[PDB]
Structure formats: C-alpha cells, structure tokens
Amino acid sequence: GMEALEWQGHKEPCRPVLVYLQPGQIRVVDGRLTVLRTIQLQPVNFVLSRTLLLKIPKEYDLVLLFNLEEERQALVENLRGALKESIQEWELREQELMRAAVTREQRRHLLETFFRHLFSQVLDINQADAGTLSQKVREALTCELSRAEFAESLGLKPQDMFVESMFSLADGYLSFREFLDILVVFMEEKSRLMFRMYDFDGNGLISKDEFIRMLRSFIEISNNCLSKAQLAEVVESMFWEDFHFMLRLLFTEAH
Amino acid sequence: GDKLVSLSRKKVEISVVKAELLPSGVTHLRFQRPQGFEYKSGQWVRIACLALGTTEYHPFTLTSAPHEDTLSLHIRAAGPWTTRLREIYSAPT
Amino acid sequence: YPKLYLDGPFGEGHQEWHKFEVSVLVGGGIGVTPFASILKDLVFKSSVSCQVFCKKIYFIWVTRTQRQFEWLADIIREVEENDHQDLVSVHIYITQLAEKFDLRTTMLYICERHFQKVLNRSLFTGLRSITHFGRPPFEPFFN
Ligand SMILES: Cc1cc2nc3c(=O)[nH]c(=O)nc-3n(C[C@H](O)[C@H](O)[C@H](O)COP(=O)(O)OP(=O)(O)OC[C@H]3O[C@@H](n4cnc5c(N)ncnc54)[C@H](O)[C@@H]3O)c2cc1C
Ligand SMILES: NC(=O)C1=CN([C@@H]2O[C@H](COP(=O)(O)OP(=O)(O)OC[C@H]3O[C@@H](n4cnc5c(N)ncnc54)[C@H](OP(=O)(O)O)[C@@H]3O)[C@@H](O)[C@H]2O)C=CC1
C-alpha cells in the first residue's frame, strides 16, 4: 500500500488515504488504519489525467490523486497489475474527468431532477422544471447503495422506520430503481408513471427488455411464488398502450 | 431613560384577598396573583394604593412561596406611607 | 469522547406563552432550534402539572427545506408521541418551490399527499402533524 489523496467532488476537500492492492479486492483505507472502501472485482474501466478515476460498474466512481505524474504512472501500473491479476483505459481532461464520472454532488443533482421529472404529474409542476441532460441517468439509478448511504441520501438515519421498512420490502443493498419501483406501485396512473420511469430516452417505446423489466417490477409489487413463469405467460398471452395491455375549524392551507 | 423604562413596564392592577393587623405594627396583605405571574424565591415587587390617592410605588419582598396561588407582603409601619396603608386597610370593605 | 468546556446558560429565557391560554409558536429557518426544547418542556409540564394556564399551543414551523434540521422531525415525533393532553398542534410549512425539490422534499410531499398513511402518520416522517407546501396562511389561521 501507499499514501495518496482521494477526491470527493467539486465542493468537498480531498482526503489523504492509503491504497492496498490485493487481487480479490482493492482496499482504500484511512490514515488511522480504518478501511474506507473494499472494491471486489468480478471477472470496469480506468481513466488517467495526477488523477486516476476508476469507474466502478455498479458502484460509486473512485478518483485518486497522485503525488506526481510519474508517481501517477507508477501507481497506475501497480493497480493495473493487481486488478488484471484477478481492462479498458482512457485519458480525458481534468475538469472533464471530474464532471464526467459520477460524484456525490453530481449524482444528487441528477437524481433530484430525475425524480422531479418522474413525479411532475403528481407535483403539478411543469416538465420544464430543470434539465436532465440518459446513460449516466441509467447508471445513477443502477447504483445499489448500503442502508446508511441510502438513508443519508434521503436525509434519514440508517435505523429509521421508513428506510428499514422499504428495505424489508426490497429484500443486501438497494438501488434507486428498485426503490421508486416499489414506491410508485405502492403509491391506473401508476402504470403511466412506471412506463415513463423506464423511458430513459423519452422516445416513448420500451424496446425489448424494459417491458419484461416492468412486468417483473409490477410482480415485485404483488408478492407471489411462481412470479417469473406467471409473468412470462402473461406477457406471451398479452402481446402508455402497454399500460392498457397490462390492465387487460382551523384553516391550514398554504398558498 | 429610567422614567421611560418605568413607564414601559405594564403595572398590573390587582385586588387584596386578606389583610391582617399583625402585632408590633405589621400588615400582612395577601392578594390575588395575576395570571402570568412567575417569580423565584426572595424576589420583591412594587405596590401602589390608590385609596391613598398618591400613586406611589414602594418595594416589598414577597413573603409567600412561589407555589402559593396568592401573593403575601409583610409591611412594617415605618413611616407615612406604611402607616397610612395600615390604617386604611384596618377597616373592612 | 473528548472532554468539553461549558459556559453556562446566557439565554434569559422569557416564557410569556405561559401567560396566555393559547399561544402560537412560529419558527423560521435557523430560528427554530430552540423550539425543540420549548416543545418538550411544554409537553413535560402538561404531563406532570394539571392546572396549567396554557391549554393549547400551536407550533407553526416554517422552513424552505428540512435540510440540517431533520433531527427536529424526530424531536417533534417524540413531542407529539408524549403529548397525552393534545397540548401542541404542529404545522410544518415547506416553502421550497416544487421545481427545486431535493430527494427528501419530494419523498415527503408524495408520502403526504400521494401515498396513503398508516395510522394518520406519514410513511416518510411518521408525524400526525400535516406538512403544507407554500406560504403559511397566517391571518386566515388567526381567524
Ligand atoms: C428590596 C426591598 C424589599 C423590601 N421589603 C420590605 C418588606 O417586605 N416589608 C417591609 O415592611 N418593608 C420592606 N422594605 C422597606 C421599604 O423601604 C418600605 O416600603 C418603606 O419602609 C416604606 O416607608 P414609608 O414610605 O411608608 O415611610 P418613609 O418615612 O417615606 O420611609 C422611611 C424609610 O423608608 C425608606 N424608603 C421609602 N421609600 C422608599 C423606596 N421607594 N425605596 C426604597 N426605600 C424607601 C427610606 O430609605 C427611609 O429610610 C423593602 C425595601 C427594599 C429596598
Ligand atoms: N429571531 C431572529 O432574529 C432570527 C433571525 N434570522 C436571520 O434570518 C437570516 C436568514 O435566515 P435563514 O436561516 O436563511 O432562514 P431561511 O430563509 O433558510 O428560512 C426561513 C423561512 O422563512 C421564509 N422567509 C424568509 N424570508 C421571508 C420573507 N421576507 N417573507 C416571507 N417569508 C420569508 C422562507 O421561505 P422562502 O425562502 O421559500 O420564501 C424560509 O422557508 C439569517 O441571517 C438570520 O440572521 C434567522 C432566524 C431567527
């Protein structure tokens, strides 16, 4: 292992940490012998710029800082050897790398506007609220989170009744996709909301697999045992419009 | 400034419940507590008696406990104001 | 944990709401941190004492977002949980525009008006008190 710096977004200060490169898992730890992350590789991509951003497949992107550019090359060589022992590399601008890979501030800023776009029909807010300018939105929804991280994202403690109940309904981790999939089904208009939720491109057509994914999610709404076979049979017999196919005194009032 | 501050304070108007002519020339005045009257032990108030037609405020230590529903003062007949209060409260009605 | 150096209270704690049978406590932004204490104190009084002058207390919390103040939600939860005399009625007013909602605000809004309750407690927060979105209607409230 070696001592280096880790970035935490535009608004957060860098943290001096240490890197240990085991084959099965790469561990970033604090200076007090406290492990901060242990990423295990399943047989991911890397970008170099002083800065090395490894983009985890379904986890948070990890950006590390090097003492020198030659030190960056040496650390990159060591990490690449350790990772390949148990493989795509690119190079982009420093600002481009910072604003391209998923950061905490960027992820929150994307998820908030995505949720507003989803629930505009309920909030009675015009769809021109903000701009969600697709693939990165899918990646953000795909990222599964631990209980503490998810509760922090929602401003709750890890042991609150709401988060624990929704984790029980969702079950070790949770992605926002499953979260709002449970939420909307537990919330006829639900079909339209779910369809528009799976319409990332906004063209209005869930091409091949999003339809089966929506069927599986609506099954996750209704607890059952023969779920997969029943959903497959329903899809076979049946085949937005897919929604139609699926269906086939005190005064406190704020301005 | 001191007179303006004295004007700023709102002088409550209250009524007496009981008056005792205690020996050695003492007056025990037990009177009604205003609704939001909160005080600690050893605190003192000011009183005026318009039956004298004088509008004088004199200080007296609250001899009743804060847990009591009324307020008690043990006024010693020390001079004109106190003696006049004693004699005016001597008679009923 | 480290040790602290404490300099005692400087508050000079006016409590004129005990002088009124009905009081309306309005908290805004950062000026609502004390009220937690206040609220708890009030309910504790209503638990131990019987002939209290303040028969009903209204707590109008007004905030843009509950960010950095989520703990006050749990404080209000316990306050209303222990309020066995219905002394305090809480009203939360989120004044943030719907176009600028964060995750917590969207979840609270939907659990308030687009997700069914459980025991008249919102699934997100858990409060019998109703959250409203917009400027609090102060003078219709007074009437
Ligand atoms: C904090 C405090 C608490 C008191 N508590 C009591 C009590 O519980 N019982 C009690 O009998 N007496 C108390 N006194 C004494 C108080 O001064 C009486 O009101 C006073 O004896 C009234 O006198 P008089 O005006 O009738 O006669 P005066 O002849 O006018 O008074 C003679 C004496 O009274 C004093 N005095 C008069 N007016 C005032 C005033 N406005 N402020 C201060 N001193 C004054 C003078 O210094 C003088 O020595 C207290 C005084 C103070 C300062
Ligand atoms: N007792 C006191 O003297 C206090 C003073 N302050 C002062 O207020 C300043 C800002 O407070 P801050 O913590 O940012 O509070 P915030 O502005 O974050 O929140 C206050 C809430 O009140 C609403 N609000 C704010 N200003 C007005 C206004 N002029 N008219 C109507 N509604 C309003 C806001 O709604 P929206 O923004 O959506 O309109 C917001 O929801 C601080 O500098 C602080 O010094 C704060 C607390 C107590």
# chains A, B, ... in the order shown; residues from 1 in each chain; ligands from 1

$ interface_residues --of "chain A" --to "chain C" --cutoff "6 Å" --atoms "only C-alpha atoms" --output "MDAnalysis selection string"
chainID A and resid 112 129 154 162 187 251 254:255

$ write_last_selection --atoms "C-alpha atoms" --output "PDB file, in the first residue's frame"
ATOM      1  CA  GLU A 112     -33.249  15.225  -7.737  1.00  0.00           C
ATOM      2  CA  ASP A 129     -38.518  22.442 -14.065  1.00  0.00           C
ATOM      3  CA  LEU A 154     -32.857  10.706   1.869  1.00  0.00           C
ATOM      4  CA  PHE A 162     -39.242   4.278   6.683  1.00  0.00           C
ATOM      5  CA  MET A 187     -48.297   4.907  -4.286  1.00  0.00           C
ATOM      6  CA  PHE A 251     -57.854  26.609   8.365  1.00  0.00           C
ATOM      7  CA  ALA A 254     -50.825  27.326   2.265  1.00  0.00           C
ATOM      8  CA  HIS A 255     -50.713  29.368  -0.928  1.00  0.00           C
TER       9      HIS A 255
END

$ interface_residues --of "chain C" --to "chain B" --cutoff "8 Å" --atoms "only C-alpha atoms" --output "PyMOL selection string"
chain C and resi 16+18-20+53

$ closest_residue --among "B:2, B:61, B:25, B:18" --to "ligand 1" --atoms "only C-alpha atoms and all ligand atoms"
B:61

$ residues_near_ligand --ligand "ligand 2" --cutoff "7 Å" --atoms "only C-alpha atoms and all ligand atoms" --output "VMD selection string"
chain C and resid 28 to 31 62 to 65 94 to 97

$ write_last_selection --atoms "N, CA, C and O atoms" --output "compact mmCIF listing (two decimals), in the first residue's frame"
# COMPACT_ATOMS: atom_id res chain seq x y z
N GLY C 28 -38.85 29.90 12.20
CA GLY C 28 -38.44 30.10 10.82
C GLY C 28 -36.96 29.92 10.57
O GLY C 28 -36.13 30.57 11.20
N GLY C 29 -36.63 29.03 9.63
CA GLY C 29 -35.23 28.81 9.29
C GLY C 29 -34.43 28.32 10.47
O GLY C 29 -34.84 27.39 11.19
N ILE C 30 -33.27 28.94 10.69
CA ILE C 30 -32.43 28.59 11.83
C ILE C 30 -33.03 29.01 13.16
O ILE C 30 -32.56 28.55 14.21
N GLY C 31 -34.05 29.87 13.15
CA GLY C 31 -34.67 30.33 14.37
C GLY C 31 -35.70 29.38 14.93
O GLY C 31 -36.68 29.81 15.55
N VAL C 62 -41.95 27.01 9.91
CA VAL C 62 -41.87 27.49 8.54
C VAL C 62 -40.42 27.34 8.09
O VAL C 62 -39.52 27.92 8.69
N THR C 63 -40.20 26.56 7.03
CA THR C 63 -38.85 26.35 6.55
C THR C 63 -38.86 26.13 5.05
O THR C 63 -39.85 25.65 4.48
N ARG C 64 -37.75 26.50 4.41
CA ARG C 64 -37.59 26.22 2.98
C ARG C 64 -37.42 24.73 2.74
O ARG C 64 -38.23 24.10 2.05
N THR C 65 -36.37 24.15 3.32
CA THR C 65 -36.18 22.71 3.35
C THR C 65 -35.79 22.30 4.76
O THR C 65 -35.24 23.09 5.52
N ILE C 94 -43.34 23.77 4.30
CA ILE C 94 -42.21 23.77 3.38
C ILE C 94 -42.47 24.81 2.30
O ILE C 94 -43.42 24.69 1.52
N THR C 95 -41.62 25.84 2.25
CA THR C 95 -41.79 26.93 1.31
C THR C 95 -40.92 26.80 0.07
O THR C 95 -40.87 27.72 -0.74
N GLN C 96 -40.23 25.67 -0.09
CA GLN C 96 -39.42 25.45 -1.28
C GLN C 96 -40.30 25.28 -2.50
O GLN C 96 -41.36 24.64 -2.44
N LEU C 97 -39.87 25.86 -3.62
CA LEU C 97 -40.58 25.68 -4.88
C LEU C 97 -40.47 24.23 -5.34
O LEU C 97 -39.43 23.59 -5.18

$ atom_distance --atom1 "CA of residue 87 (chain A)" --atom2 "CA of residue 2 (chain A)"
22.3 Å

$ select_by_dssp --residues "region 14-195 of chain A" --states "alpha helix (DSSP H)" --output "MDAnalysis selection string"
chainID A and resid 69:85 94:100 104:118 120:123 135:142 147:153 161:169 176:186 189:195

$ residues_around --residues "residue 147 (chain A)" --least-positions-apart "6" --cutoff "9 Å" --atoms "only C-alpha atoms" --output "PyMOL selection string"
chain A and resi 158-159+163-164+167+172-174

$ write_last_selection --atoms "N, CA and C atoms" --output "compact mmCIF listing (two decimals), in the first residue's frame"
# COMPACT_ATOMS: atom_id res chain seq x y z
N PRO A 158 -29.80 5.66 9.49
CA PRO A 158 -29.82 4.29 8.96
C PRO A 158 -30.87 3.39 9.59
N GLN A 159 -31.30 3.68 10.82
CA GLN A 159 -32.24 2.83 11.54
C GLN A 159 -33.61 3.49 11.71
N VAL A 163 -36.93 3.81 6.05
CA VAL A 163 -35.88 3.18 5.26
C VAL A 163 -35.83 1.68 5.55
N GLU A 164 -35.96 1.29 6.82
CA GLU A 164 -35.93 -0.13 7.16
C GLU A 164 -37.12 -0.87 6.56
N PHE A 167 -36.52 -1.26 2.89
CA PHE A 167 -35.52 -2.30 2.68
C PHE A 167 -36.10 -3.69 2.87
N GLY A 172 -28.60 -7.33 -0.43
CA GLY A 172 -28.28 -6.65 0.81
C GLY A 172 -28.29 -5.14 0.69
N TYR A 173 -28.12 -4.65 -0.53
CA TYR A 173 -28.12 -3.22 -0.82
C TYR A 173 -29.42 -2.85 -1.54
N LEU A 174 -29.53 -1.58 -1.92
CA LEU A 174 -30.70 -1.10 -2.64
C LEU A 174 -30.27 -0.07 -3.68

$ residues_near_ligand --ligand "ligand 1" --cutoff "12 Å" --atoms "only C-alpha atoms and all ligand atoms" --output "PyMOL selection string"
chain B and resi 22+24-29+42-49+52+54-64+71-87

$ write_last_selection --atoms "C-alpha atoms" --output "PDB file, in the first residue's frame"
ATOM      1  CA  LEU B  22     -50.133  41.624  62.890  1.00  0.00           C
ATOM      2  CA  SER B  24     -45.728  45.205  66.540  1.00  0.00           C
ATOM      3  CA  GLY B  25     -47.499  47.260  63.873  1.00  0.00           C
ATOM      4  CA  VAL B  26     -47.289  44.911  60.883  1.00  0.00           C
ATOM      5  CA  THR B  27     -49.661  44.467  57.943  1.00  0.00           C
ATOM      6  CA  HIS B  28     -49.980  41.073  56.262  1.00  0.00           C
ATOM      7  CA  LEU B  29     -51.506  41.651  52.818  1.00  0.00           C
ATOM      8  CA  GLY B  42     -36.584  36.108  47.552  1.00  0.00           C
ATOM      9  CA  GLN B  43     -37.825  38.360  44.752  1.00  0.00           C
ATOM     10  CA  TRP B  44     -39.589  41.625  45.550  1.00  0.00           C
ATOM     11  CA  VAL B  45     -42.327  43.665  43.887  1.00  0.00           C
ATOM     12  CA  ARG B  46     -43.543  47.266  43.940  1.00  0.00           C
ATOM     13  CA  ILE B  47     -47.005  48.248  45.150  1.00  0.00           C
ATOM     14  CA  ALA B  48     -49.250  51.304  44.963  1.00  0.00           C
ATOM     15  CA  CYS B  49     -52.533  52.035  46.744  1.00  0.00           C
ATOM     16  CA  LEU B  52     -54.383  56.937  49.350  1.00  0.00           C
ATOM     17  CA  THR B  54     -50.853  59.188  45.816  1.00  0.00           C
ATOM     18  CA  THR B  55     -49.679  56.844  43.013  1.00  0.00           C
ATOM     19  CA  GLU B  56     -46.516  55.991  44.974  1.00  0.00           C
ATOM     20  CA  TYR B  57     -44.750  52.688  44.315  1.00  0.00           C
ATOM     21  CA  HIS B  58     -42.925  51.153  47.257  1.00  0.00           C
ATOM     22  CA  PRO B  59     -40.823  47.960  47.240  1.00  0.00           C
ATOM     23  CA  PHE B  60     -41.716  44.916  49.308  1.00  0.00           C
ATOM     24  CA  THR B  61     -40.284  41.407  49.388  1.00  0.00           C
ATOM     25  CA  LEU B  62     -42.666  38.581  48.505  1.00  0.00           C
ATOM     26  CA  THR B  63     -43.045  36.607  51.737  1.00  0.00           C
ATOM     27  CA  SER B  64     -45.262  33.975  50.084  1.00  0.00           C
ATOM     28  CA  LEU B  71     -49.017  36.836  46.943  1.00  0.00           C
ATOM     29  CA  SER B  72     -48.211  37.912  50.505  1.00  0.00           C
ATOM     30  CA  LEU B  73     -46.431  41.015  51.795  1.00  0.00           C
ATOM     31  CA  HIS B  74     -45.436  41.726  55.405  1.00  0.00           C
ATOM     32  CA  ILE B  75     -45.254  45.524  55.507  1.00  0.00           C
ATOM     33  CA  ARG B  76     -43.731  47.195  58.563  1.00  0.00           C
ATOM     34  CA  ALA B  77     -45.216  50.520  59.682  1.00  0.00           C
ATOM     35  CA  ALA B  78     -42.037  52.541  59.178  1.00  0.00           C
ATOM     36  CA  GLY B  79     -43.373  55.916  58.027  1.00  0.00           C
ATOM     37  CA  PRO B  80     -46.201  57.940  56.485  1.00  0.00           C
ATOM     38  CA  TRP B  81     -46.976  55.688  53.508  1.00  0.00           C
ATOM     39  CA  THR B  82     -46.825  52.463  55.532  1.00  0.00           C
ATOM     40  CA  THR B  83     -48.798  53.840  58.492  1.00  0.00           C
ATOM     41  CA  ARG B  84     -51.447  55.288  56.172  1.00  0.00           C
ATOM     42  CA  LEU B  85     -51.718  51.942  54.367  1.00  0.00           C
ATOM     43  CA  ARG B  86     -52.045  50.169  57.724  1.00  0.00           C
ATOM     44  CA  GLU B  87     -54.837  52.452  58.905  1.00  0.00           C
TER      45      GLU B  87
END

$ closest_residue --among "C:89, C:76, C:50, C:43" --to "residue 25 (chain C)" --atoms "only C-alpha atoms"
C:89

$ select_by_dssp --residues "region 23-81 of chain C" --states "strand (DSSP E or B)" --output "NGL selection string"
:C and (23-28 or 56-63)

$ write_last_selection --atoms "N, CA, C and O atoms" --output "mmCIF file, in the first residue's frame"
data_model
loop_
_atom_site.group_PDB
_atom_site.id
_atom_site.type_symbol
_atom_site.label_atom_id
_atom_site.label_comp_id
_atom_site.auth_asym_id
_atom_site.auth_seq_id
_atom_site.Cartn_x
_atom_site.Cartn_y
_atom_site.Cartn_z
ATOM 1 N N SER C 23 -51.291 29.901 22.689
ATOM 2 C CA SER C 23 -50.098 30.503 22.120
ATOM 3 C C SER C 23 -49.795 29.866 20.771
ATOM 4 O O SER C 23 -50.068 28.685 20.542
ATOM 5 N N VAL C 24 -49.229 30.676 19.885
ATOM 6 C CA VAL C 24 -48.845 30.267 18.541
ATOM 7 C C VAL C 24 -47.347 30.495 18.420
ATOM 8 O O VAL C 24 -46.892 31.640 18.298
ATOM 9 N N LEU C 25 -46.580 29.412 18.459
ATOM 10 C CA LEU C 25 -45.132 29.483 18.339
ATOM 11 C C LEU C 25 -44.754 29.326 16.872
ATOM 12 O O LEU C 25 -45.029 28.286 16.265
ATOM 13 N N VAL C 26 -44.132 30.354 16.303
ATOM 14 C CA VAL C 26 -43.739 30.356 14.901
ATOM 15 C C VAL C 26 -42.221 30.275 14.841
ATOM 16 O O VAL C 26 -41.524 31.108 15.432
ATOM 17 N N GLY C 27 -41.716 29.268 14.144
ATOM 18 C CA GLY C 27 -40.283 29.086 13.963
ATOM 19 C C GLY C 27 -39.918 29.168 12.495
ATOM 20 O O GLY C 27 -40.594 28.581 11.648
ATOM 21 N N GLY C 28 -38.847 29.900 12.201
ATOM 22 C CA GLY C 28 -38.445 30.102 10.824
ATOM 23 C C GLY C 28 -36.963 29.916 10.570
ATOM 24 O O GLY C 28 -36.130 30.571 11.204
ATOM 25 N N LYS C 56 -53.658 25.241 25.087
ATOM 26 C CA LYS C 56 -53.376 24.772 23.736
ATOM 27 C C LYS C 56 -52.228 25.583 23.155
ATOM 28 O O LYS C 56 -52.227 26.813 23.254
ATOM 29 N N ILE C 57 -51.262 24.894 22.552
ATOM 30 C CA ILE C 57 -50.093 25.524 21.949
ATOM 31 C C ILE C 57 -50.024 25.105 20.487
ATOM 32 O O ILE C 57 -50.085 23.910 20.177
ATOM 33 N N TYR C 58 -49.902 26.084 19.596
ATOM 34 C CA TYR C 58 -49.733 25.833 18.171
ATOM 35 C C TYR C 58 -48.295 26.140 17.781
ATOM 36 O O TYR C 58 -47.783 27.223 18.082
ATOM 37 N N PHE C 59 -47.648 25.189 17.116
ATOM 38 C CA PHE C 59 -46.259 25.328 16.688
ATOM 39 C C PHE C 59 -46.229 25.375 15.164
ATOM 40 O O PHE C 59 -46.348 24.343 14.499
ATOM 41 N N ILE C 60 -46.063 26.575 14.618
ATOM 42 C CA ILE C 60 -46.017 26.790 13.177
ATOM 43 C C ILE C 60 -44.549 26.806 12.771
ATOM 44 O O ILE C 60 -43.875 27.836 12.868
ATOM 45 N N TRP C 61 -44.045 25.664 12.314
ATOM 46 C CA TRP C 61 -42.705 25.612 11.749
ATOM 47 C C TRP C 61 -42.775 26.039 10.291
ATOM 48 O O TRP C 61 -43.587 25.516 9.526
ATOM 49 N N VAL C 62 -41.948 27.010 9.914
ATOM 50 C CA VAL C 62 -41.867 27.490 8.539
ATOM 51 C C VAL C 62 -40.423 27.338 8.088
ATOM 52 O O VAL C 62 -39.517 27.923 8.694
ATOM 53 N N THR C 63 -40.204 26.557 7.033
ATOM 54 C CA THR C 63 -38.846 26.355 6.551
ATOM 55 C C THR C 63 -38.861 26.130 5.048
ATOM 56 O O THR C 63 -39.849 25.654 4.482
#

$ residues_around --residues "residue 240 (chain A)" --least-positions-apart "5" --cutoff "12 Å" --atoms "only C-alpha atoms" --output "PyMOL selection string"
chain A and resi 188-199+203-206+211+245-247

$ atom_distance --atom1 "CA of residue 215 (chain A)" --atom2 "CA of residue 231 (chain A)"
6.4 Å

$ atom_distance --atom1 "CA of residue 94 (chain A)" --atom2 "CA of residue 77 (chain A)"
19.6 Å
